[PDB]
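Reviewing the structure listed below.
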Amino acid sequence: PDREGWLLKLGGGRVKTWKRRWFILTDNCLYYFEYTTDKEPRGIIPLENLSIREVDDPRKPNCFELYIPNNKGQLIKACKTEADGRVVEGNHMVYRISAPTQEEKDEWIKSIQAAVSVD
Ligand SMILES: O=P(O)(O)O[C@H]1[C@H](O)[C@@H](OP(=O)(O)O)[C@H](OP(=O)(O)O)[C@@H](OP(=O)(O)O)[C@H]1O
């Protein structure tokens, strides 16, 4: 793992709520878990063909988003796990994330940008 840490992630549909998740950046893939020691990830996000951009949020600090450039409306390819264990495709067009400090933000971006390239 090149980087791991707690981050708040925005999810839901109509009402979007922030969830604290444990992220693990590892070779072209960004995983996230509910608990720091869980064996199976709550989500896997392949980084190929994605970019990051900082964004401003009204309720949360140090945010940034994973997104598909020039997106005409497609969803980010990713797998997700359901409370019943069933695996399904992610339903995000973008992943908005909140880092605890501005420093953790720049590190995560630098780490992720570098993880999207040489692969
Ligand atoms: O807990 P509640 O309030 O029900 O909201 C859930 C969680 O935020 C999920 O995050 P996590 O999987 O990290 O627990 C998220 O899945 P994503 O991981 O795909 O964001 C769901 O988004 P959608 O199922 O896509 O609407 C959203 O409905």
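Count residues from 1 along the sequence. Just so you know, ligand 1 is whichever comes first in the structure, and atom 1 is the first atom listed for that ligand. Hydrogens, waters and symmetry mates are skipped; everything else that's a heavy atom, side chains included, is used.
- The protein non-hydrogen atom at the shortest distance from atom 18 (O) of ligand 1 is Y32 OH, 2.6 Å.
- Of the protein's heavy atoms, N91 CB, 3.8 Å lies nearest to atom 25 (O) of ligand 1.
- Of the candidates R42, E82, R96, it is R42 that places a heavy atom closest to atom 14 (O) of ligand 1.
- Summary of contacts: the protein heavy atom closest to atom 10 (O) of ligand 1 is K9 NZ, 3.4 Å.
- When hydrogens are left out, the protein atom nearest atom 6 (C) of ligand 1 is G12 N, 4.3 Å; that is the closest non-hydrogen contact.
- Of the charged side-chain nitrogens involved, at least one lies within less than 4.0 Å of a carboxylate oxygen, so that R3 and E104 count as a salt-bridged pair.
- Annotation for ligand 1: atoms under 4.0 Å from non-hydrogen atoms of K80 are 12 (O), 15 (C), 16 (O), 17 (P), 19 (O), 21 (C), 22 (O), 23 (P), 24 (O).
- When side chains are defined from C-beta on, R21 counts as touching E34, because their heavy atoms get closer than 4.5 Å.
- Inside a 4.0 Å radius of atom 4 (O) of ligand 1 there is not any protein heavy atom.
- Remark: ligand 1 atoms within the under-4.0 Å shell around heavy atoms of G11 are 8 (O), 20 (O), 22 (O).
- Nearest heavy-atom pair across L7 and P100 is CD2-CD, 4.2 Å.
- Of the options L30, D2, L25, a side chain to side chain contact (heavy atoms under 4.5 Å, CB included) to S111 is made by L25 and by none of the others.
- Between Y32 and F23, the ring-plane angle classifies as tilted under the 30° and 60° cut-offs.
- If you run side chain to side chain contact (heavy atoms under 4.5 Å, CB included) between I52 and each of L47, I112, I97, only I112 comes through.
- Numbered from 1 in the order shown, with element, the atoms of ligand 1 that lie under 4.0 Å from a heavy atom of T17 read 3 (O).
- At least one side-chain heavy atom of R53 sits less than 4.5 Å from a side-chain heavy atom of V94.
- Within the set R14, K19, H92, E89, the minimum heavy-atom distance to atom 1 (O) of ligand 1 is found for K19.
- In this structure, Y95 does not count as a contact residue of ligand 1, since none of its heavy atoms falls inside 4.0 Å of the ligand.
- Salt-bridge annotation for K77 and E48: absent, with no side-chain N of the basic residue lying under 4.0 Å from a carboxylate O of the acidic one.
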